[PDB]
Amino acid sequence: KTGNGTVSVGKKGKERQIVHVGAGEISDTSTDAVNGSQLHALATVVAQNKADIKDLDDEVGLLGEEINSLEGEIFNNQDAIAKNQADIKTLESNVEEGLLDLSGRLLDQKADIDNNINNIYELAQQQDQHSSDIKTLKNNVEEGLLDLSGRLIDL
């Protein structure tokens, strides 16, 4: 067997195929030759591993895009929340201011209701002193007129 470290089936630039080769053992100790059908079988797996890596890559890109979409929506939630927070605060201000000035107009109106009840009391006093001054006057015109009348009939 030619060449003493090597068995040659041609020369550089004039290579030969080796044909009618039985398939060899495929193991970590095999020193059998390998034929093309054995490389083909392996290449079929590799192709399938490659097609599968491509499908996973497409999947992983879309997952990443969905995560970014979800992030966009979390941030719209945040804005909406801040806006509700702000509208609560302005609605807080508008409640007490409005009730504050409803309460100021209640106190002004009680002040003049209290003044009106005072005047009604005072008017009611001097209205009863009048009902007496008018009946003591009425009695003393009667007494007086008929005392004078009495000194007329004395004649």
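When you see a residue number, it is the position in the sequence shown, counting from 1.
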>> Highest mean C-alpha temperature factor of the two stretches 90-98 and 59-67, which is it?
In response: 90-98
> Which wins on mean Cα temperature factor, 143-151 or 15-23?
Replying inline: 143-151
> At the C-alpha atoms, which of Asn49, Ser37, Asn118, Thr29 reaches the highest B-factor in this entry?
Replying inline: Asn118
> When the CA B-factors of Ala33, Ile53, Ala41, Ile113 are compared as recorded in the entry, which is the largest?
Replying inline: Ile113
